[PDB]
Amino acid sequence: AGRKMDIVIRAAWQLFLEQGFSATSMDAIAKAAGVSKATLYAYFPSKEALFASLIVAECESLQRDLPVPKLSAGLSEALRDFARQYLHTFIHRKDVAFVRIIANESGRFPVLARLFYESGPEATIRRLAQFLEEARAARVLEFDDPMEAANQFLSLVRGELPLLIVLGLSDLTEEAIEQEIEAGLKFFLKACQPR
């Protein structure tokens, strides 16, 4: 239906962040959003389905803010743009929050854990890997597996940032981001360019 749905999502996100997923009840969500349990369960048949809707919405959205790298832009420039958008999504979006909420469930909801992984981090690997296939086909990178190589690129460029963010110590200027990206990219190319 209508406007109470998006009020329900926002009310639920707030409670999941402050209290965790299992600690938040559909009862509390209904109260916070000012709907009957009838209206709430008509939109989302369970708490699990609600969190699933939230994961898929945020991950589909983060995926749209990511360029599709074109080799016509230059190899270095393509990878530098992708890296830059990838780190911006980390800093300015809910990935770390999602992981904190699921990690706090101590393995109770594996189906939600996998849904987040496959909609987000694995989706980002697959998008980069498609582009790394194009670049290997153009004989300008060499590697055995594109998914393996996409994971390596993202690991290099990401470094320890997710831990710094979770500890409240990531406070890195745009200039500091370009340095992280340049170092990861330099190293990826040292390993994958024909030599």
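One-based numbering along the sequence shown.
For the pair 181 to 189 and 167 to 175, the record assigns the higher mean C-alpha temperature factor to 167 to 175.
Relative to one another, 65 to 73 and 44 to 52 have unequal mean CA B-factors, and 65 to 73 is the one with the higher figure. When the C-alpha B factors of 161, 38, 29, 141 are read from the deposited coordinates, the top value falls at 141.
When the modelled residues of the chain are ordered by C-alpha B-factor, residue 86 sits in the middle third. The PDB entry assigns residue 114 a C-alpha temperature factor belonging to the lowest third of its chain's modelled residues. Ranked against the other modelled residues of its chain, the C-alpha B-factor of residue 1 as given in the entry falls in the highest third.
Sorting the modelled residues of the chain by their CA temperature factor places residue 149 in the middle third.
Remark: residue 156 belongs to the lowest third of its chain, ranked by C-alpha B-factor as recorded.
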